[PDB]
$ cat final25.pdb   # PDB, N, CA and C atoms
ATOM      1  N   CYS A   1      94.381  97.295 121.963  1.00  0.00           N
ATOM      2  CA  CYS A   1      93.672  98.446 122.504  1.00  0.00           C
ATOM      3  C   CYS A   1      94.579  99.673 122.475  1.00  0.00           C
ATOM      4  N   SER A   2      95.702  99.621 123.196  1.00  0.00           N
ATOM      5  CA  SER A   2      96.718 100.669 123.155  1.00  0.00           C
ATOM      6  C   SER A   2      97.615 100.481 121.923  1.00  0.00           C
ATOM      7  N   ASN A   3      97.025 100.133 120.777  1.00  0.00           N
ATOM      8  CA  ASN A   3      97.728  99.734 119.565  1.00  0.00           C
ATOM      9  C   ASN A   3      97.540 100.810 118.500  1.00  0.00           C
ATOM     10  N   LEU A   4      97.990 102.022 118.833  1.00  0.00           N
ATOM     11  CA  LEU A   4      97.863 103.210 117.996  1.00  0.00           C
ATOM     12  C   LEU A   4      98.339 102.945 116.568  1.00  0.00           C
ATOM     13  N   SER A   5      99.477 102.261 116.409  1.00  0.00           N
ATOM     14  CA  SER A   5      99.998 101.881 115.100  1.00  0.00           C
ATOM     15  C   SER A   5      98.927 101.125 114.302  1.00  0.00           C
ATOM     16  N   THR A   6      98.448 100.001 114.840  1.00  0.00           N
ATOM     17  CA  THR A   6      97.414  99.196 114.218  1.00  0.00           C
ATOM     18  C   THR A   6      96.181 100.046 113.910  1.00  0.00           C
ATOM     19  N   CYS A   7      95.740 100.855 114.877  1.00  0.00           N
ATOM     20  CA  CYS A   7      94.572 101.711 114.715  1.00  0.00           C
ATOM     21  C   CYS A   7      94.737 102.662 113.527  1.00  0.00           C
ATOM     22  N   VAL A   8      95.821 103.444 113.501  1.00  0.00           N
ATOM     23  CA  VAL A   8      96.022 104.438 112.457  1.00  0.00           C
ATOM     24  C   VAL A   8      96.233 103.759 111.102  1.00  0.00           C
ATOM     25  N   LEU A   9      97.005 102.668 111.049  1.00  0.00           N
ATOM     26  CA  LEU A   9      97.166 101.901 109.817  1.00  0.00           C
ATOM     27  C   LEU A   9      95.804 101.406 109.321  1.00  0.00           C
ATOM     28  N   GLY A  10      95.016 100.810 110.221  1.00  0.00           N
ATOM     29  CA  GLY A  10      93.669 100.344 109.938  1.00  0.00           C
ATOM     30  C   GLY A  10      92.824 101.464 109.340  1.00  0.00           C
ATOM     31  N   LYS A  11      92.760 102.605 110.039  1.00  0.00           N
ATOM     32  CA  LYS A  11      92.091 103.792 109.536  1.00  0.00           C
ATOM     33  C   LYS A  11      92.589 104.116 108.136  1.00  0.00           C
ATOM     34  N   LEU A  12      93.856 104.503 107.987  1.00  0.00           N
ATOM     35  CA  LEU A  12      94.400 104.952 106.712  1.00  0.00           C
ATOM     36  C   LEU A  12      94.045 103.967 105.598  1.00  0.00           C
ATOM     37  N   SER A  13      94.275 102.671 105.821  1.00  0.00           N
ATOM     38  CA  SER A  13      93.913 101.632 104.870  1.00  0.00           C
ATOM     39  C   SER A  13      92.443 101.758 104.448  1.00  0.00           C
ATOM     40  N   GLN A  14      91.512 101.624 105.400  1.00  0.00           N
ATOM     41  CA  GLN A  14      90.092 101.633 105.074  1.00  0.00           C
ATOM     42  C   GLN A  14      89.673 102.977 104.476  1.00  0.00           C
ATOM     43  N   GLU A  15      89.989 104.058 105.181  1.00  0.00           N
ATOM     44  CA  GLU A  15      89.635 105.436 104.893  1.00  0.00           C
ATOM     45  C   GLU A  15      90.120 105.833 103.493  1.00  0.00           C
ATOM     46  N   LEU A  16      91.406 105.635 103.194  1.00  0.00           N
ATOM     47  CA  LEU A  16      91.937 105.941 101.871  1.00  0.00           C
ATOM     48  C   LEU A  16      91.313 105.019 100.818  1.00  0.00           C
ATOM     49  N   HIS A  17      91.105 103.735 101.128  1.00  0.00           N
ATOM     50  CA  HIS A  17      90.417 102.877 100.172  1.00  0.00           C
ATOM     51  C   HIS A  17      88.990 103.382  99.903  1.00  0.00           C
ATOM     52  N   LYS A  18      88.291 103.856 100.935  1.00  0.00           N
ATOM     53  CA  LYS A  18      86.962 104.428 100.796  1.00  0.00           C
ATOM     54  C   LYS A  18      87.019 105.683  99.922  1.00  0.00           C
ATOM     55  N   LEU A  19      87.974 106.583 100.177  1.00  0.00           N
ATOM     56  CA  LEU A  19      88.234 107.749  99.331  1.00  0.00           C
ATOM     57  C   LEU A  19      88.259 107.353  97.851  1.00  0.00           C
ATOM     58  N   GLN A  20      88.978 106.281  97.495  1.00  0.00           N
ATOM     59  CA  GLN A  20      88.988 105.795  96.115  1.00  0.00           C
ATOM     60  C   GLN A  20      87.573 105.466  95.621  1.00  0.00           C
ATOM     61  N   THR A  21      86.781 104.760  96.434  1.00  0.00           N
ATOM     62  CA  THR A  21      85.459 104.296  96.023  1.00  0.00           C
ATOM     63  C   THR A  21      84.404 105.410  96.012  1.00  0.00           C
ATOM     64  N   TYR A  22      84.581 106.469  96.809  1.00  0.00           N
ATOM     65  CA  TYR A  22      83.609 107.557  96.880  1.00  0.00           C
ATOM     66  C   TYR A  22      83.337 108.143  95.484  1.00  0.00           C
ATOM     67  N   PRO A  23      82.084 108.527  95.185  1.00  0.00           N
ATOM     68  CA  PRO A  23      81.694 108.997  93.863  1.00  0.00           C
ATOM     69  C   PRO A  23      82.387 110.314  93.511  1.00  0.00           C
ATOM     70  N   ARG A  24      82.415 111.263  94.453  1.00  0.00           N
ATOM     71  CA  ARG A  24      83.110 112.526  94.272  1.00  0.00           C
ATOM     72  C   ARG A  24      83.265 113.228  95.621  1.00  0.00           C
ATOM     73  N   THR A  25      84.480 113.235  96.166  1.00  0.00           N
ATOM     74  CA  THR A  25      84.833 114.012  97.344  1.00  0.00           C
ATOM     75  C   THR A  25      85.079 115.475  96.981  1.00  0.00           C
ATOM     76  N   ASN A  26      85.475 115.724  95.731  1.00  0.00           N
ATOM     77  CA  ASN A  26      85.958 117.020  95.276  1.00  0.00           C
ATOM     78  C   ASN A  26      84.766 117.933  94.983  1.00  0.00           C
ATOM     79  N   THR A  27      83.975 118.232  96.015  1.00  0.00           N
ATOM     80  CA  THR A  27      82.737 118.993  95.939  1.00  0.00           C
ATOM     81  C   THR A  27      82.906 120.426  96.460  1.00  0.00           C
ATOM     82  N   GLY A  28      84.117 120.801  96.895  1.00  0.00           N
ATOM     83  CA  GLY A  28      84.394 122.083  97.535  1.00  0.00           C
ATOM     84  C   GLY A  28      83.861 123.272  96.734  1.00  0.00           C
ATOM     85  N   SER A  29      84.093 123.268  95.420  1.00  0.00           N
ATOM     86  CA  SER A  29      83.526 124.240  94.496  1.00  0.00           C
ATOM     87  C   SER A  29      83.762 123.745  93.068  1.00  0.00           C
ATOM     88  N   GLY A  30      84.918 124.095  92.506  1.00  0.00           N
ATOM     89  CA  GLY A  30      85.321 123.711  91.167  1.00  0.00           C
ATOM     90  C   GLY A  30      86.674 124.341  90.856  1.00  0.00           C
ATOM     91  N   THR A  31      87.623 123.547  90.353  1.00  0.00           N
ATOM     92  CA  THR A  31      88.920 124.068  89.944  1.00  0.00           C
ATOM     93  C   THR A  31      88.724 125.003  88.739  1.00  0.00           C
ATOM     94  N   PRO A  32      89.399 126.162  88.678  1.00  0.00           N
ATOM     95  CA  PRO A  32      89.236 127.096  87.576  1.00  0.00           C
ATOM     96  C   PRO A  32      89.748 126.462  86.281  1.00  0.00           C
TER      97      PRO A  32
END
$ encode --input "final25.pdb" --output "structure tokens"
Amino acid sequence: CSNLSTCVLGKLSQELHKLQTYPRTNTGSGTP
């Protein structure tokens, strides 16, 4: 519960892995 390390590692792991799988996050506009 008070396991901030586990929590943030868990997040970063899942979240960054999801970032990889996402179709396109880079929707902000377009690089010139």
$ atom_distance --input "final25.pdb" --atom1 "atom C of residue A:3" --atom2 "atom CA of residue A:17"
19.8 Å
$ select_by_dssp --input "final25.pdb" --residues "chain A" --states "helix (DSSP H, G or I)" --output "mmCIF file with N, CA and C atoms, in the coordinates of the input"
data_model
loop_
_atom_site.group_PDB
_atom_site.id
_atom_site.type_symbol
_atom_site.label_atom_id
_atom_site.label_comp_id
_atom_site.auth_asym_id
_atom_site.auth_seq_id
_atom_site.Cartn_x
_atom_site.Cartn_y
_atom_site.Cartn_z
ATOM 1 N N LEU A 4 97.990 102.022 118.833
ATOM 2 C CA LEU A 4 97.863 103.210 117.996
ATOM 3 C C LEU A 4 98.339 102.945 116.568
ATOM 4 N N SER A 5 99.477 102.261 116.409
ATOM 5 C CA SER A 5 99.998 101.881 115.100
ATOM 6 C C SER A 5 98.927 101.125 114.302
ATOM 7 N N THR A 6 98.448 100.001 114.840
ATOM 8 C CA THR A 6 97.414 99.196 114.218
ATOM 9 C C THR A 6 96.181 100.046 113.910
ATOM 10 N N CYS A 7 95.740 100.855 114.877
ATOM 11 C CA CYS A 7 94.572 101.711 114.715
ATOM 12 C C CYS A 7 94.737 102.662 113.527
ATOM 13 N N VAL A 8 95.821 103.444 113.501
ATOM 14 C CA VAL A 8 96.022 104.438 112.457
ATOM 15 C C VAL A 8 96.233 103.759 111.102
ATOM 16 N N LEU A 9 97.005 102.668 111.049
ATOM 17 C CA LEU A 9 97.166 101.901 109.817
ATOM 18 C C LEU A 9 95.804 101.406 109.321
ATOM 19 N N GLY A 10 95.016 100.810 110.221
ATOM 20 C CA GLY A 10 93.669 100.344 109.938
ATOM 21 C C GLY A 10 92.824 101.464 109.340
ATOM 22 N N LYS A 11 92.760 102.605 110.039
ATOM 23 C CA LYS A 11 92.091 103.792 109.536
ATOM 24 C C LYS A 11 92.589 104.116 108.136
ATOM 25 N N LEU A 12 93.856 104.503 107.987
ATOM 26 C CA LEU A 12 94.400 104.952 106.712
ATOM 27 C C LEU A 12 94.045 103.967 105.598
ATOM 28 N N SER A 13 94.275 102.671 105.821
ATOM 29 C CA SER A 13 93.913 101.632 104.870
ATOM 30 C C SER A 13 92.443 101.758 104.448
ATOM 31 N N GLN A 14 91.512 101.624 105.400
ATOM 32 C CA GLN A 14 90.092 101.633 105.074
ATOM 33 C C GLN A 14 89.673 102.977 104.476
ATOM 34 N N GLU A 15 89.989 104.058 105.181
ATOM 35 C CA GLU A 15 89.635 105.436 104.893
ATOM 36 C C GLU A 15 90.120 105.833 103.493
ATOM 37 N N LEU A 16 91.406 105.635 103.194
ATOM 38 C CA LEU A 16 91.937 105.941 101.871
ATOM 39 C C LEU A 16 91.313 105.019 100.818
ATOM 40 N N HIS A 17 91.105 103.735 101.128
ATOM 41 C CA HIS A 17 90.417 102.877 100.172
ATOM 42 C C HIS A 17 88.990 103.382 99.903
ATOM 43 N N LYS A 18 88.291 103.856 100.935
ATOM 44 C CA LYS A 18 86.962 104.428 100.796
ATOM 45 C C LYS A 18 87.019 105.683 99.922
ATOM 46 N N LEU A 19 87.974 106.583 100.177
ATOM 47 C CA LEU A 19 88.234 107.749 99.331
ATOM 48 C C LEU A 19 88.259 107.353 97.851
ATOM 49 N N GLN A 20 88.978 106.281 97.495
ATOM 50 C CA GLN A 20 88.988 105.795 96.115
ATOM 51 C C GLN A 20 87.573 105.466 95.621
ATOM 52 N N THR A 21 86.781 104.760 96.434
ATOM 53 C CA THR A 21 85.459 104.296 96.023
ATOM 54 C C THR A 21 84.404 105.410 96.012
#
$ atom_distance --input "final25.pdb" --atom1 "atom CA of residue A:13" --atom2 "atom CA of residue A:29"
27.0 Å
$ axis_aligned_box --input "final25.pdb" --around "stretch 22-25 of chain A" --padding-each-side "8 Å" --output "AutoDock Vina command-line options"
--center_x 83.4 --center_y 111.0 --center_z 95.4 --size_x 19.4 --size_y 25.0 --size_z 19.8
